[PDB]
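Below: one structure, written as structure tokens.
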Amino acid sequence: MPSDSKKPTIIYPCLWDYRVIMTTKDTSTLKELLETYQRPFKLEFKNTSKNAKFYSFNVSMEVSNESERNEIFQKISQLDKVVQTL
């Protein structure tokens, strides 16, 4: 109060999970690139071949702030398959 009034207040240095679903019959290219595990990141597979409509996949990676959250969102949605994101 005795210094600032309004701020973004964005500080969360922990593992964030994003529910990303894709609607394409050619995600094989993503499942191979997402499984690379280049950086400290993981994905929680929702279904192997049961969801005959929308491919659901989770994304768990180290986050420090909006900076990453903005890079992690654009990196996961890099391809042109994913349609629904959370």
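What follows is calculated from the coordinates using simple rules that are stated; it is not laboratory data. Methodologically, a virtual Cβ is constructed for each residue, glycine included, from the backbone with ideal geometry; neighbour enumeration extends over all protein chains shown.
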Here, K6 and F45, labelled 7 Å along Cα→Cβ, have an inter-label distance in nm of 4.7 nm
In debye, nearest 20, what is the charge dipole magnitude of segment 14-86 about its Cα centre with +1 on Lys and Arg Cβ and -1 on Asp and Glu Cβ, if you could check?
360 debye
Relative contact order for the chain using alpha-carbon pairs under 8 Å, separation at least 6, rounded to a whole percent?
46 percent
For the chain, with +1 on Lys and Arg beta carbons and -1 on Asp and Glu, the positive-most of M1, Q84, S60 along the dipole
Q84
If you average the C-alpha positions of segment 7-29 and of segment 34-64 separately, how far apart do those two centres end up, in angstrom?
9 Å
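Report, please, the projected area of segment 46-86 averaged over directions, based on the convex hull of its C-alpha atoms, in nm². Can you show the working numbers first?
Details: hull surface 13.5 nm².
For the Cα atoms of segment 46-86, the hull's average projected area reads 3.4 nm².
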Rounded to whole Hz, the Karplus (6.51, -1.76, 1.60) HN-Hα couplings of segment 55-62, x for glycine and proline:
7, 9, 8, 9, 9, 10, 8, 5
If you filter the chain for trypsin sites (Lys or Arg not before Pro), then keep DSSP loop positions with at most 11 other Cβ within 10 Å, what is left?
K6, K25, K50, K53
Against the rule of thumb 2.2 N^0.38 Å, how large the Cα Rg of the chain comes out:
1.32
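Using 25 Å as the Cα-Cα cut-off, could you pick out the over-long pairs in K50/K81; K31/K53; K7/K81; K7/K75; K6/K75?
On the way: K50/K81 18 Å; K31/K53 16 Å; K7/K81 36 Å; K7/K75 27 Å; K6/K75 30 Å.
Table pairs above 25 Å Cα-Cα are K7/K81; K7/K75; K6/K75.
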In a Gaussian network model of the chain with springs linking alpha carbons closer than 10 Å, the residue among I11, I21, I72 that fluctuates most is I11
Non-local residues with an amide H under 5 Å from the amide H of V63, with H modelled 1.01 Å from N and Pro and chain starts lacking one, are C14, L15, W16
